[PDB]
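This document starts with one chain, in the form deposited in one PDB entry, laid out as structure tokens.
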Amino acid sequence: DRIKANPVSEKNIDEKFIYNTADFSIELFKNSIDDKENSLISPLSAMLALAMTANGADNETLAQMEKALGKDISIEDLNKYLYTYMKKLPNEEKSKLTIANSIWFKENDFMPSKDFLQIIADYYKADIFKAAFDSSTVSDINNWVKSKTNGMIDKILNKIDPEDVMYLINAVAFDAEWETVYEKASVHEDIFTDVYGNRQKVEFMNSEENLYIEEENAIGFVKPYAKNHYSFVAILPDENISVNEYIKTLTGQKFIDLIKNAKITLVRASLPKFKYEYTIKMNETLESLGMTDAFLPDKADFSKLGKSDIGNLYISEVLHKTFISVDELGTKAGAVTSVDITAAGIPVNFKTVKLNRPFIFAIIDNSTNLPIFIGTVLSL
């Protein structure tokens, strides 16, 4: 409306972005997973929401965020890279991917920096909303994410704290068909009882696949979506190692390369059918990547976002909500990352450790091998 997006230069996607963003993605993953059997993160979604927020950070808060997201990529080069990456990611019938960004800020106690709002509009194509931050803003925001995730996630907020001044929000929506769908005759329902004694029913889908992943600590396959822009990666870690041991061996470059080195050979693949929602408060996960100052009211420097009259601004939470449905016809997947900028108080977080062996999966962009989504199902 007022802030008018200006033309910007592209920065061609290259080995540096691919491998650095791979590094962030896998590290985000291995510090995200917990006791939850079903989990799902979108490193892309969190990347974008956090890249937007980094543009308001200064000094040590900035330096920690640049390092956590881009390693050695400056926020300026990250701005160019992500703009380019959003621009060129394929999106068409049977192979849909959309990405949306928004900034919501308080009309009252907060004056945003004109330069911050501009750089966001320029590189992130963000919707900018000046708001009251009352109950109606809650419905406004949930309307936005419901729309931008195609109904996969209809709510991100339920209430706004009186000392909140800004929400930086990214949404992602993925809707694609398999290149080769499953006939129902390829699907078979097995009944079992879980660890806790509960009857579970999992439908398994059988296919012949032609990309076979073979690491020293894992087996897997890659199944393409129609139009060949995106694939589904499935990884079965070994039993001859600890679950904590396997996660620790995993790296960004290894993940890129293991898909790259997938041998063209026939593989009888079994893919579980699954549909779930997942929520993770990403505070502790991001602190463990070296982003610590942003979450500490006495330390955070977010003075590039703008002027506050209510106190020192800091991130109270990075909320990450996801949804996925893998069935016979394809995959629907949605993600929201909201970053909450507030004046007062202090977050309190608990974190659980993963103890069970997971069936690992990822939805990957075929031209980079970067995981748009990465998650876990089942207890092997």
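In this text, the rigid core denotes the largest set of C-alpha atoms whose superposition between the two forms falls within 1.5 Å. Numbers for residues come from their place in the sequence shown, where the first is 1.
Omitted from view is the form deposited in another entry, to which the following refers.
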Pick from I99, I256, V222, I73: whose Cα moves by 2 Å or more between this form and the one not shown, rigid core superposed?
-> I99
Could you tell me whether the Cα atom of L40 shifts by at least 2 Å between this form and the one not shown after core superposition?
-> no
Aligning on the rigid core, do we see the C-alpha of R357 shift 2 angstroms or more between this form and the one not shown?
-> yes
Cα of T265 displaced 2 Å or more between this form and the one not shown, core superposed?
-> no
Might you say whether the CA atoms of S25 and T342 end up closer or farther apart in the other entry than in this form? Their distance differs by 3 Å or more.
-> farther
Indicate closer or farther: the Cα atoms of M282 and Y167, in the other entry, relative to the displayed form, with a change of 3 Å or more.
-> closer
